[PDB]
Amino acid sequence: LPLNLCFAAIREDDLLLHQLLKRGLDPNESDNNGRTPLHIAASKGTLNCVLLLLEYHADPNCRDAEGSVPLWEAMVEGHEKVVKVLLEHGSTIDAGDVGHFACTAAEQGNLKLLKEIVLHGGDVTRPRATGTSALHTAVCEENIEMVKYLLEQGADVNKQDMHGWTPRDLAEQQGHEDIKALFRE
C-alpha cells in the first residue's frame, strides 16, 4: 500500500490528506484507471477532503477511464453538499461521458438522477459509444415513468445500438403494451 493521496481519501482521513498535501503530493496524479483523490473524496462525500483538494488545485473536471467526473461521483451517492461545492468551482456534468451516466441511472432505476443530469445541463438522450441509450435500458427495465421522461426529453426511438436494436424494437419483444402504446404517440 503506497502512502498517497488516494490512500487518505479512500479512508476519509482529511487530517492525513492535509498533511500529505502540505508535503507536496500532487492531487492531479491518478491511479492506473485515471482515478484521482478528488474522484474518491467526491464519491465518499467527504467535504473537508474535497475542499482541501480543490485548494491544492485538484482539477474539478478530471475524467477517469470510464469517463466519470467528480461531480457525477457525488451525484450518484447523493452527496448534495459536495455537488454544490463542485459546481461552485466550475465542475460541469458535460465534462464527463453523459451518455454513460444516463445509461447507468437507467440501469439503477434512478429517475431522480436522470433529472439531475438534466438539471445540470446534461443531454440524457446521448448514447454510450456502444449505441445503447438510457431509453433502450428503460424499455428493458420496463420502467414506465422513466420511458415517459426520456421520451419527453426527446429520446431517439429509432436509435440502433451496436446490435441493431432500437428502443421501439425492444418494446415489442417484451410485450409491455403500456410501453408500446407510448411509442405510438
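Numbering starts at 1 and runs along the sequence shown.
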Of 142-150 and 23-31, the stretch whose C-alpha atoms average the higher B-factor in the entry
142-150
Between the two ranges 52-60 and 156-164, the one averaging a larger CA B factor in the entry:
156-164
Test of reading the entry: by CA B factor among the chain's modelled residues, which third contains residue 176?
highest
Give the position of residue 6 by CA B-factor within its chain, expressed as the lowest, middle or highest third.
lowest
Of the three thirds of the chain ranked by Cα temperature factor, residue 137 occupies the highest
